[PDB]
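*Asks:* Pasting work-v6.txt here (compact mmCIF, C-alpha atoms):
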```txt
# COMPACT_ATOMS: atom_id res chain seq x y z
CA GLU A 1 -121.96 61.48 -42.27
CA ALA A 2 -122.84 58.90 -39.60
CA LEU A 3 -121.12 55.74 -38.40
CA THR A 4 -122.63 52.82 -36.46
CA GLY A 5 -121.72 52.34 -32.78
CA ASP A 6 -119.61 49.23 -33.56
CA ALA A 7 -117.89 51.19 -36.38
CA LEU A 8 -114.30 52.45 -36.01
CA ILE A 9 -112.67 55.73 -37.09
CA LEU A 10 -109.02 56.70 -37.58
CA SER A 11 -107.54 59.01 -34.98
CA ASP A 12 -104.13 60.28 -33.86
CA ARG A 13 -103.46 56.89 -32.18
CA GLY A 14 -105.00 54.90 -35.11
CA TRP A 15 -108.11 52.67 -35.67
CA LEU A 16 -110.57 52.93 -32.73
CA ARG A 17 -114.34 52.57 -32.00
CA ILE A 18 -116.49 55.59 -33.07
CA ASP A 19 -116.70 56.54 -29.35
CA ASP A 20 -112.97 56.33 -28.49
CA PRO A 21 -110.88 59.07 -26.59
CA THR A 22 -108.61 59.72 -29.62
CA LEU A 23 -111.49 60.35 -32.01
CA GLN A 24 -113.19 62.70 -29.52
CA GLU A 25 -109.99 64.42 -28.16
CA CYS A 26 -107.29 63.87 -30.85
CA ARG A 27 -106.79 64.70 -34.54
CA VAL A 28 -108.01 62.35 -37.29
CA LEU A 29 -106.84 61.32 -40.78
CA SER A 30 -108.31 63.28 -43.71
CA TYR A 31 -107.54 63.98 -47.38
CA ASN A 32 -106.45 67.59 -47.50
CA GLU A 33 -107.80 68.98 -50.75
CA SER A 34 -105.76 72.14 -50.07
CA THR A 35 -102.36 70.33 -49.97
CA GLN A 36 -103.45 67.26 -52.01
CA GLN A 37 -102.00 64.97 -49.30
CA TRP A 38 -102.95 63.15 -46.07
CA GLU A 39 -103.04 65.39 -42.97
CA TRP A 40 -104.40 65.34 -39.40
CA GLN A 41 -107.32 67.66 -38.57
CA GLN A 42 -108.76 68.52 -35.16
CA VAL A 43 -111.93 66.75 -34.11
CA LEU A 44 -114.32 69.60 -33.38
CA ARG A 45 -117.03 67.79 -31.34
CA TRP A 46 -118.50 64.28 -30.85
CA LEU A 47 -122.14 64.11 -31.98
CA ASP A 48 -124.66 61.30 -31.51
CA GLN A 49 -127.34 60.38 -34.07
CA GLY A 50 -129.26 57.55 -32.33
CA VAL A 51 -131.67 55.56 -34.52
CA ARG A 52 -130.63 55.57 -38.22
CA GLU A 53 -130.62 53.08 -41.16
CA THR A 54 -127.12 52.03 -42.39
CA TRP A 55 -125.41 50.39 -45.43
CA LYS A 56 -122.17 48.36 -45.03
CA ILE A 57 -119.65 49.12 -47.77
CA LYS A 58 -117.15 46.26 -47.81
CA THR A 59 -113.63 46.53 -49.32
CA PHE A 60 -110.52 44.32 -49.49
CA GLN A 61 -108.61 46.66 -47.12
CA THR A 62 -111.54 47.45 -44.77
CA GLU A 63 -115.32 47.52 -44.23
CA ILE A 64 -117.80 49.87 -42.48
CA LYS A 65 -121.50 50.81 -42.10
CA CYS A 66 -122.78 54.40 -42.45
CA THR A 67 -125.93 56.33 -43.54
CA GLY A 68 -125.42 54.94 -47.08
CA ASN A 69 -126.90 58.06 -48.78
CA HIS A 70 -124.02 60.49 -48.02
CA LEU A 71 -121.24 60.94 -50.59
CA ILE A 72 -117.88 59.34 -49.83
CA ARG A 73 -114.50 59.75 -51.52
CA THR A 74 -113.61 57.30 -54.28
CA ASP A 75 -110.88 57.04 -56.92
CA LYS A 76 -112.98 59.29 -59.19
CA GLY A 77 -113.94 61.59 -56.22
CA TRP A 78 -117.00 62.06 -53.95
CA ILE A 79 -119.79 59.58 -54.82
CA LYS A 80 -123.16 58.71 -53.23
CA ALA A 81 -122.74 55.64 -50.96
CA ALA A 82 -125.89 54.07 -52.45
CA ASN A 83 -124.34 54.54 -55.92
CA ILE A 84 -121.07 52.81 -54.88
CA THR A 85 -120.63 49.36 -56.43
CA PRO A 86 -117.97 46.56 -55.91
CA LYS A 87 -116.16 47.99 -58.98
CA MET A 88 -115.63 51.34 -57.19
CA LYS A 89 -112.29 51.84 -55.42
CA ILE A 90 -111.44 54.19 -52.52
CA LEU A 91 -108.05 55.72 -51.68
CA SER A 92 -106.93 54.94 -48.13
CA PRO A 93 -103.89 56.20 -46.01
CA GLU A 94 -100.87 53.99 -45.31
CA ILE A 95 -98.91 54.37 -42.07
CA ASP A 96 -95.13 53.93 -42.30
CA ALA A 97 -91.96 56.10 -42.69
CA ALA A 98 -94.08 58.29 -44.98
CA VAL A 99 -97.87 58.42 -45.43
CA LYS A 100 -98.88 56.76 -48.73
CA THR A 101 -102.23 56.57 -50.56
CA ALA A 102 -103.54 53.17 -51.73
CA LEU A 103 -106.83 52.25 -53.43
CA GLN A 104 -109.04 49.49 -51.99
CA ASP A 105 -111.51 47.36 -53.97
CA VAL A 106 -115.13 47.27 -52.89
CA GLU A 107 -116.30 43.67 -52.43
CA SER A 108 -119.97 44.71 -51.97
CA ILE A 109 -122.39 46.77 -49.83
CA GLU A 110 -124.61 44.95 -47.28
CA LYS A 111 -127.64 46.49 -45.59
CA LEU A 112 -127.46 46.63 -41.79
CA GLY A 113 -130.71 48.59 -41.28
CA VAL A 114 -131.56 50.73 -38.26
CA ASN A 115 -128.56 51.05 -35.91
CA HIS A 116 -127.14 53.38 -33.28
CA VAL A 117 -125.04 56.07 -35.02
CA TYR A 118 -122.34 58.45 -33.80
CA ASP A 119 -119.91 60.77 -35.60
CA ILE A 120 -117.54 63.72 -35.07
CA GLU A 121 -116.85 66.93 -37.01
CA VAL A 122 -113.46 68.17 -38.24
CA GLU A 123 -112.02 71.70 -38.75
CA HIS A 124 -109.88 72.51 -41.87
CA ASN A 125 -110.68 69.87 -44.55
CA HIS A 126 -114.21 69.22 -43.19
CA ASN A 127 -113.68 65.46 -43.88
CA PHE A 128 -112.50 62.34 -41.99
CA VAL A 129 -111.62 58.67 -42.58
CA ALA A 130 -113.77 55.98 -40.94
CA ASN A 131 -112.10 52.54 -40.72
CA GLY A 132 -109.74 53.57 -43.57
CA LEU A 133 -112.69 54.79 -45.72
CA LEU A 134 -112.81 58.54 -46.47
CA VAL A 135 -116.22 60.07 -45.71
CA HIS A 136 -117.42 63.66 -46.35
CA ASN A 137 -118.74 65.61 -43.32
```
Would you encode the structure as structure tokens?
*Replies:*
Amino acid sequence: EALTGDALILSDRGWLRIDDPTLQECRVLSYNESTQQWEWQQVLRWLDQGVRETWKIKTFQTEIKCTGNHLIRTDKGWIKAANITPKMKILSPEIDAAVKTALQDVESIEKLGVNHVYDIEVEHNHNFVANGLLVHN
């Protein structure tokens, strides 16, 4: 739902800060429920969120801090971020000759508290991947 200012989100170019040109002007990586595969969706509009508490979900492949109450995609499907535990795994995209899905293991979630938050909306799948972690929006 919301990502901290120092957070990074996948875009057409790749991993960049939540307030990068590619996130705000180029397509981003999402899990297309319709085609059951990774696809790029257009970033509708960059939105700020200012002061908001955040939880840092840490995984072996990546780590990021968001609202912590919004549901995010996991191996089993969408799950409340607060509910996520180290055991939980999240499917992430792999860039190469062909896009491939790979699960990452959650190390733990660490509270970051009140932070500056920013995020952008998407068109078709209504979802996007922040720092390799799929988040509903």
*Asks:* Counting all atoms listed in the file, I want the residues whose atoms come within 12 Å of (-112.3, 44.1, -56.4) in the file frame, returned as a list in words.
*Replies:*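 The answer, in the requested form, is residues 58, 59, 60, 61, 85, 86, 87, 88, 89, 90, 103, 104, 105, 106, 107 and 108 of chain A.
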*Asks:* Would you output that residue set with C-alpha atoms, as a PDB file, in the coordinates of the input?
*Replies:*
```pdb
ATOM      1  CA  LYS A  58    -117.150  46.260 -47.810  1.00  0.00           C
ATOM      2  CA  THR A  59    -113.630  46.530 -49.320  1.00  0.00           C
ATOM      3  CA  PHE A  60    -110.520  44.320 -49.490  1.00  0.00           C
ATOM      4  CA  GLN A  61    -108.610  46.660 -47.120  1.00  0.00           C
ATOM      5  CA  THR A  85    -120.630  49.360 -56.430  1.00  0.00           C
ATOM      6  CA  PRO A  86    -117.970  46.560 -55.910  1.00  0.00           C
ATOM      7  CA  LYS A  87    -116.160  47.990 -58.980  1.00  0.00           C
ATOM      8  CA  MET A  88    -115.630  51.340 -57.190  1.00  0.00           C
ATOM      9  CA  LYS A  89    -112.290  51.840 -55.420  1.00  0.00           C
ATOM     10  CA  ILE A  90    -111.440  54.190 -52.520  1.00  0.00           C
ATOM     11  CA  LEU A 103    -106.830  52.250 -53.430  1.00  0.00           C
ATOM     12  CA  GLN A 104    -109.040  49.490 -51.990  1.00  0.00           C
ATOM     13  CA  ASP A 105    -111.510  47.360 -53.970  1.00  0.00           C
ATOM     14  CA  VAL A 106    -115.130  47.270 -52.890  1.00  0.00           C
ATOM     15  CA  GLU A 107    -116.300  43.670 -52.430  1.00  0.00           C
ATOM     16  CA  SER A 108    -119.970  44.710 -51.970  1.00  0.00           C
TER      17      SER A 108
END
```
*Asks:* Can you pull out the residues contacting residue 79 in chain A? Cut-off 10 Å, using only C-alpha atoms, and skip same-chain residues under 6 positions away; I want them as a ChimeraX atom specification.
*Replies:* /A:69-73,88,135-136
*Asks:* Pick out the residues sitting within 6 Å of residue 66 in chain A, and hand them over as a list in words; count only C-alpha atoms, and ignore anything fewer than 4 positions along from it in its own chain.
*Replies:*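 Answer for this query is residues 2, 3, 54 and 55 of chain A.
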*Asks:* I need the chosen residues saved as a PDB file, keeping the file's coordinate frame, with C-alpha atoms.
*Replies:*
```
ATOM      1  CA  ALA A   2    -122.840  58.900 -39.600  1.00  0.00           C
ATOM      2  CA  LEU A   3    -121.120  55.740 -38.400  1.00  0.00           C
ATOM      3  CA  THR A  54    -127.120  52.030 -42.390  1.00  0.00           C
ATOM      4  CA  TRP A  55    -125.410  50.390 -45.430  1.00  0.00           C
TER       5      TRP A  55
END
```
*Asks:* Using only C-alpha atoms, which residue out of A:81, A:43, A:23, A:95 lies closest to residue 125 in chain A?
*Replies:*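 Closest to residue 125 in chain A, using only C-alpha atoms: A:43.
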*Asks:* CA of residue 82 in chain A and CA of residue 119 in chain A, how far apart in Å?
*Replies:*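 These two atoms are separated by 19.1 Å.
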*Asks:* I want to know what sits within 9 Å of residue 32 in chain A, based on only C-alpha atoms, with residues of the same chain fewer than 2 positions away left out; could you give that as a ChimeraX atom specification?
*Replies:* /A:30,34-41,124-125,127
*Asks:* Keeping only C-alpha atoms, take the residues you just selected and write them out as a PDB file, in the coordinates of the input.
*Replies:*
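And here's out.pdb as it stands now:
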```pdb
ATOM      1  CA  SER A  30    -108.310  63.280 -43.710  1.00  0.00           C
ATOM      2  CA  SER A  34    -105.760  72.140 -50.070  1.00  0.00           C
ATOM      3  CA  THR A  35    -102.360  70.330 -49.970  1.00  0.00           C
ATOM      4  CA  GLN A  36    -103.450  67.260 -52.010  1.00  0.00           C
ATOM      5  CA  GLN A  37    -102.000  64.970 -49.300  1.00  0.00           C
ATOM      6  CA  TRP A  38    -102.950  63.150 -46.070  1.00  0.00           C
ATOM      7  CA  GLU A  39    -103.040  65.390 -42.970  1.00  0.00           C
ATOM      8  CA  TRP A  40    -104.400  65.340 -39.400  1.00  0.00           C
ATOM      9  CA  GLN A  41    -107.320  67.660 -38.570  1.00  0.00           C
ATOM     10  CA  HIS A 124    -109.880  72.510 -41.870  1.00  0.00           C
ATOM     11  CA  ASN A 125    -110.680  69.870 -44.550  1.00  0.00           C
ATOM     12  CA  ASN A 127    -113.680  65.460 -43.880  1.00  0.00           C
TER      13      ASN A 127
END
```
*Asks:* Given the choices A:31, A:128, A:46, A:78, which gets closest to residue 101 in chain A if the distance is worked out from all atoms listed in the file?
*Replies:*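 Nearest candidate to residue 101 in chain A out of A:31, A:128, A:46, A:78: A:31.
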*Asks:* What is the CA of residue 6 in chain A-CA of residue 109 in chain A distance in Å, reported with one decimal?
*Replies:* 16.7 Å
*Asks:* Closest to residue 130 in chain A among A:100, A:116, A:45, A:17, using only C-alpha atoms?
*Replies:*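 Using only C-alpha atoms, residue 130 in chain A sits closest to A:17.
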*Asks:* Calculated over all atoms listed in the file, which of the candidates A:91, A:33, A:110, A:42 has the smallest distance to residue 12 in chain A?
*Replies:*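 Closest candidate: A:42.
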*Asks:* Which one of A:13, A:111, A:56, A:80 sits closest to residue 29 in chain A if you count only C-alpha atoms?
*Replies:*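 Ranked by minimum distance to residue 29 in chain A, first place goes to A:13.
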*Asks:* Between CA of residue 77 in chain A and CA of residue 26 in chain A, what is the distance in Å, rounded to a tenth?
*Replies:*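 A separation of 26.3 Å between them.
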*Asks:* Which one of A:137, A:131, A:122, A:14 sits closest to residue 44 in chain A if you count only C-alpha atoms?
*Replies:*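 Using only C-alpha atoms, residue 44 in chain A sits closest to A:122.
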*Asks:* Tell me which protein, DNA and RNA residues are within 10 Å of residue 47 in chain A, counting only C-alpha atoms, leaving out same-chain ones fewer than 6 positions away, and put them as a PyMOL selection string.
*Replies:* chain A and resi 2+19+24+117-121
*Asks:* Taking every listed atom of range 114-129 of chain A and adding 5 Å to each side, what centre and edge lengths in Å (one decimal) does the axis-aligned box have, as lines of an AutoDock Vina configuration file?
*Replies:*
```
center_x = -120.7
center_y = 61.6
center_z = -38.9
size_x = 31.7
size_y = 31.8
size_z = 21.3
```
*Asks:* Would you mind completing range 6-39 of chain A so that it carries N, CA and C atoms, and writing it out as a PDB file, keeping the file's coordinate frame?
*Replies:*
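Writing done, so here's out-v8.pdb:
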```pdb
ATOM      1  N   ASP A   6    -120.698  50.229 -33.465  1.00  0.00           N
ATOM      2  CA  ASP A   6    -119.610  49.230 -33.560  1.00  0.00           C
ATOM      3  C   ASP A   6    -118.570  49.603 -34.644  1.00  0.00           C
ATOM      4  N   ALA A   7    -118.811  50.714 -35.360  1.00  0.00           N
ATOM      5  CA  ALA A   7    -117.890  51.190 -36.380  1.00  0.00           C
ATOM      6  C   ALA A   7    -116.644  51.785 -35.732  1.00  0.00           C
ATOM      7  N   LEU A   8    -115.568  51.903 -36.513  1.00  0.00           N
ATOM      8  CA  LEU A   8    -114.300  52.450 -36.010  1.00  0.00           C
ATOM      9  C   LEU A   8    -113.772  53.540 -36.943  1.00  0.00           C
ATOM     10  N   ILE A   9    -113.180  54.580 -36.344  1.00  0.00           N
ATOM     11  CA  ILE A   9    -112.670  55.730 -37.090  1.00  0.00           C
ATOM     12  C   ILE A   9    -111.205  55.984 -36.745  1.00  0.00           C
ATOM     13  N   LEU A  10    -110.434  56.386 -37.760  1.00  0.00           N
ATOM     14  CA  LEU A  10    -109.020  56.700 -37.580  1.00  0.00           C
ATOM     15  C   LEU A  10    -108.851  57.944 -36.730  1.00  0.00           C
ATOM     16  N   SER A  11    -107.865  57.900 -35.843  1.00  0.00           N
ATOM     17  CA  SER A  11    -107.540  59.010 -34.980  1.00  0.00           C
ATOM     18  C   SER A  11    -106.024  59.144 -34.871  1.00  0.00           C
ATOM     19  N   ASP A  12    -105.554  60.053 -34.010  1.00  0.00           N
ATOM     20  CA  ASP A  12    -104.130  60.280 -33.860  1.00  0.00           C
ATOM     21  C   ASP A  12    -103.420  58.969 -33.482  1.00  0.00           C
ATOM     22  N   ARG A  13    -104.039  58.184 -32.578  1.00  0.00           N
ATOM     23  CA  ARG A  13    -103.460  56.890 -32.180  1.00  0.00           C
ATOM     24  C   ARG A  13    -103.612  55.831 -33.287  1.00  0.00           C
ATOM     25  N   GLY A  14    -104.733  55.893 -34.044  1.00  0.00           N
ATOM     26  CA  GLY A  14    -105.000  54.900 -35.110  1.00  0.00           C
ATOM     27  C   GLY A  14    -106.481  54.477 -35.150  1.00  0.00           C
ATOM     28  N   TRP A  15    -106.731  53.213 -35.561  1.00  0.00           N
ATOM     29  CA  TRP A  15    -108.110  52.670 -35.670  1.00  0.00           C
ATOM     30  C   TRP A  15    -108.728  52.425 -34.290  1.00  0.00           C
ATOM     31  N   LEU A  16    -109.840  53.126 -33.999  1.00  0.00           N
ATOM     32  CA  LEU A  16    -110.570  52.930 -32.730  1.00  0.00           C
ATOM     33  C   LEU A  16    -112.088  53.037 -32.923  1.00  0.00           C
ATOM     34  N   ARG A  17    -112.857  52.513 -31.950  1.00  0.00           N
ATOM     35  CA  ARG A  17    -114.340  52.570 -32.000  1.00  0.00           C
ATOM     36  C   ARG A  17    -114.827  54.026 -32.088  1.00  0.00           C
ATOM     37  N   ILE A  18    -115.917  54.232 -32.828  1.00  0.00           N
ATOM     38  CA  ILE A  18    -116.490  55.590 -33.070  1.00  0.00           C
ATOM     39  C   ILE A  18    -116.587  56.448 -31.797  1.00  0.00           C
ATOM     40  N   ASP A  19    -116.566  55.813 -30.625  1.00  0.00           N
ATOM     41  CA  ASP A  19    -116.700  56.540 -29.350  1.00  0.00           C
ATOM     42  C   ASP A  19    -115.423  56.405 -28.488  1.00  0.00           C
ATOM     43  N   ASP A  20    -114.271  56.437 -29.161  1.00  0.00           N
ATOM     44  CA  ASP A  20    -112.970  56.330 -28.490  1.00  0.00           C
ATOM     45  C   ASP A  20    -112.420  57.721 -28.055  1.00  0.00           C
ATOM     46  N   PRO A  21    -111.496  57.772 -27.063  1.00  0.00           N
ATOM     47  CA  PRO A  21    -110.880  59.070 -26.590  1.00  0.00           C
ATOM     48  C   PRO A  21    -110.138  59.830 -27.698  1.00  0.00           C
ATOM     49  N   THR A  22    -109.418  59.091 -28.559  1.00  0.00           N
ATOM     50  CA  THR A  22    -108.610  59.720 -29.620  1.00  0.00           C
ATOM     51  C   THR A  22    -109.474  60.378 -30.688  1.00  0.00           C
ATOM     52  N   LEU A  23    -110.594  59.753 -31.039  1.00  0.00           N
ATOM     53  CA  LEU A  23    -111.490  60.350 -32.010  1.00  0.00           C
ATOM     54  C   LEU A  23    -112.102  61.640 -31.447  1.00  0.00           C
ATOM     55  N   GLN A  24    -112.469  61.591 -30.163  1.00  0.00           N
ATOM     56  CA  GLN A  24    -113.190  62.700 -29.520  1.00  0.00           C
ATOM     57  C   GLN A  24    -112.259  63.755 -28.881  1.00  0.00           C
ATOM     58  N   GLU A  25    -110.944  63.460 -28.780  1.00  0.00           N
ATOM     59  CA  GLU A  25    -109.990  64.420 -28.160  1.00  0.00           C
ATOM     60  C   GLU A  25    -108.696  64.613 -28.978  1.00  0.00           C
ATOM     61  N   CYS A  26    -108.501  63.800 -30.026  1.00  0.00           N
ATOM     62  CA  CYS A  26    -107.290  63.870 -30.850  1.00  0.00           C
ATOM     63  C   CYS A  26    -107.620  64.032 -32.329  1.00  0.00           C
ATOM     64  N   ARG A  27    -106.622  64.464 -33.100  1.00  0.00           N
ATOM     65  CA  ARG A  27    -106.790  64.700 -34.540  1.00  0.00           C
ATOM     66  C   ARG A  27    -107.084  63.401 -35.272  1.00  0.00           C
ATOM     67  N   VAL A  28    -107.666  63.525 -36.469  1.00  0.00           N
ATOM     68  CA  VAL A  28    -108.010  62.350 -37.290  1.00  0.00           C
ATOM     69  C   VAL A  28    -107.484  62.487 -38.718  1.00  0.00           C
ATOM     70  N   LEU A  29    -107.361  61.345 -39.410  1.00  0.00           N
ATOM     71  CA  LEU A  29    -106.840  61.320 -40.780  1.00  0.00           C
ATOM     72  C   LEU A  29    -107.881  61.820 -41.783  1.00  0.00           C
ATOM     73  N   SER A  30    -107.441  62.716 -42.673  1.00  0.00           N
ATOM     74  CA  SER A  30    -108.310  63.280 -43.710  1.00  0.00           C
ATOM     75  C   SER A  30    -107.502  63.486 -44.994  1.00  0.00           C
ATOM     76  N   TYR A  31    -108.202  63.705 -46.117  1.00  0.00           N
ATOM     77  CA  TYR A  31    -107.540  63.980 -47.380  1.00  0.00           C
ATOM     78  C   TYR A  31    -107.603  65.469 -47.628  1.00  0.00           C
ATOM     79  N   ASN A  32    -106.490  66.150 -47.370  1.00  0.00           N
ATOM     80  CA  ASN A  32    -106.450  67.590 -47.500  1.00  0.00           C
ATOM     81  C   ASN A  32    -106.476  67.998 -48.948  1.00  0.00           C
ATOM     82  N   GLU A  33    -107.629  68.493 -49.378  1.00  0.00           N
ATOM     83  CA  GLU A  33    -107.800  68.980 -50.750  1.00  0.00           C
ATOM     84  C   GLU A  33    -106.825  70.138 -51.017  1.00  0.00           C
ATOM     85  N   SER A  34    -106.617  70.963 -49.987  1.00  0.00           N
ATOM     86  CA  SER A  34    -105.760  72.140 -50.070  1.00  0.00           C
ATOM     87  C   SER A  34    -104.311  71.777 -50.420  1.00  0.00           C
ATOM     88  N   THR A  35    -103.767  70.752 -49.742  1.00  0.00           N
ATOM     89  CA  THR A  35    -102.360  70.330 -49.970  1.00  0.00           C
ATOM     90  C   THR A  35    -102.258  69.064 -50.848  1.00  0.00           C
ATOM     91  N   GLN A  36    -103.407  68.468 -51.188  1.00  0.00           N
ATOM     92  CA  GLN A  36    -103.450  67.260 -52.010  1.00  0.00           C
ATOM     93  C   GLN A  36    -102.632  66.120 -51.375  1.00  0.00           C
ATOM     94  N   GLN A  37    -102.703  66.026 -50.041  1.00  0.00           N
ATOM     95  CA  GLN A  37    -102.000  64.970 -49.300  1.00  0.00           C
ATOM     96  C   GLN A  37    -102.695  64.687 -47.963  1.00  0.00           C
ATOM     97  N   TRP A  38    -102.348  63.548 -47.346  1.00  0.00           N
ATOM     98  CA  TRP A  38    -102.950  63.150 -46.070  1.00  0.00           C
ATOM     99  C   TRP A  38    -102.444  64.038 -44.933  1.00  0.00           C
ATOM    100  N   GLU A  39    -103.382  64.538 -44.120  1.00  0.00           N
ATOM    101  CA  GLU A  39    -103.040  65.390 -42.970  1.00  0.00           C
ATOM    102  C   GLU A  39    -104.017  65.164 -41.819  1.00  0.00           C
TER     103      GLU A  39
END
```
